[PDB]
Every structure is written in C-alpha cells, then in structure tokens.
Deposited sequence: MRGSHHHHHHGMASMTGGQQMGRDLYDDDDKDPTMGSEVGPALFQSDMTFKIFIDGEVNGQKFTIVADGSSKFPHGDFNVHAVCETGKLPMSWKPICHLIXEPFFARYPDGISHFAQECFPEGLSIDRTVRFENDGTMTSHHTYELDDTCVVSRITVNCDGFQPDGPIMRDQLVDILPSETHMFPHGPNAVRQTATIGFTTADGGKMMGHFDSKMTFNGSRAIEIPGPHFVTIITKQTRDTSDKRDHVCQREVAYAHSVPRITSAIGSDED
C-alpha cells in the first residue's frame, strides 16, 4: 500500500534539526503524534542547550504537511510521497531581519514519520525581536500551494508574529516539496492550506491545518 493508505491510522513523528543562527550552532529534537483523521496535532520540542539562542517562534514551521487534513477533491501531495518519502527546500525571510533556509528529508518507519532537517538562520539582528525573544504570538496563516513540475509542489505564505510592544514581524515563506521516488504521483491543482498554530529550552506546539479551495470565476 502507498500514499494516503499509509496514513489511515494513528501515527507518530520524530524530528531532528541541525541548526545555526548567526554562526551559533543549535540542535533540536522533537516528537509527537497525530491521530486519524489528521489535522489537529501536537509536537513537543527541546534543544540541547539551556536557552535556545533565538526565539522559538520562528522554529514553528520546522517542527508535517502530511498531517494536514485534506478533503477528497484535493490531492494530498505529502501523503502521496510515501513510502519513498520527500524533501523540502525552504526559505523564510523576515522583513528587516534574517532569513532561515532549511533542507528537510522525511522517511516513514512503520507509523512513525522521521524528519531530518538542517537549517541556517543568517543575518538575524541582535537588537531585533527574534534574537531578543520578543515575539509573543504566531498568527494564523493561509498558505498557497501550486503544482511545480511532474514531481513537486511549491508552497508560499506569509507568517505573522506579534511582538512584545504590539507590533508585528512578517516572515515570507517559500518552500518546495519534492517526491523522492520514481513512480507517477497525482500533483494537486492550486489550493490553500490554512495553518493555525499555538506554541507554549523547550516547547509544546499545537497546529490545526486544513486544505481548501476558493471559487474560480
């Protein structure tokens, strides 16, 4: 069995992130589970050191597109990529601040999706809210997913973070997901994924994610 058939039960996941911010290495390990039907799920993450050398808020999207809830009419690319797995190359660019670039690899190990991520967070401003841990809230996002050739998709978004003094920081998210196998895969048509996020040296994070389309003219 392949694709979403591998996703018809309760599942777990593991994430290993090898990072740096402004040349300071960090590493994060996180785990969680996603009940079927998938869509509303938690992750628990922790870093090696006592105090992550950046805000935890920007880490939110590094710590599971295959666990988004999809209606029947929209193909669920990330689920279709299994068992062979997928890659993600991604950039999130903060206005007036740094850029985080990541490469991700996901594998399925029975009912556990294991992810390996390297991420470079460069150019972050030491007097800014991310380096000063002054982001308080991760705001809901409407991501947009498009076809990108016969074996990939591209997902763009803006992610908003409220700051301690009532402002906002906007991160510009651009992400390519790529199938690591050779078989044919149904590439979904353009659509949106709504992602609502709530985050609490360690962190709990809840996400609610669901696919939808909008009327055409």
Report task. Show which contiguous pieces of the deposited sequence have no C-alpha coordinates, counting from residue 1. Result -> 1-37, 101, 239-245, 263-271
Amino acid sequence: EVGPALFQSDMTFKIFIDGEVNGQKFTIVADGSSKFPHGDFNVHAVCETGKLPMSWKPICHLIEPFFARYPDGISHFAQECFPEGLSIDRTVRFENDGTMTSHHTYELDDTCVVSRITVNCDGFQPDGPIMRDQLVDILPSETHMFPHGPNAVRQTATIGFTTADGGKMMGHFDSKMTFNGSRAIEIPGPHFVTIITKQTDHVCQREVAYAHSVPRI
From here on, numbers count along this sequence of modelled residues.
Query - Segment of higher mean CA temperature factor, 69-77 or 110-118 - result: 69-77
Report summary line: Stretch with higher mean Cα temperature factor, 206-214 vs 3-11, is 3-11
Report summary line: Looking only at 61, 44, 191, 51, the Cα with the top B-factor belongs to 51
Requested in this report: Name the one of 142, 137, 97, 89 with the greatest CA B-factor according to the PDB entry.
Outcome: 137
Query raised in the report: Once the chain's modelled residues are ordered by C-alpha B factor and cut into thirds, is residue 123 in the lowest, middle or highest one?
Result: lowest
Report summary line: The third of the chain into which the C-alpha temperature factor of residue 104 falls is the middle
Query raised in the report: Among the modelled residues of its chain, does the C-alpha B-factor of residue 200 lie in the lowest, middle or highest third?
Result: highest
Query raised in the report: Hey, what third does residue 148 fall into on Cα B-factor, ranked over its chain?
Result: highest
Report task. State the tercile, meaning the lowest, middle or highest third, of residue 173 with respect to the CA B-factors recorded for its chain. Result -> lowest
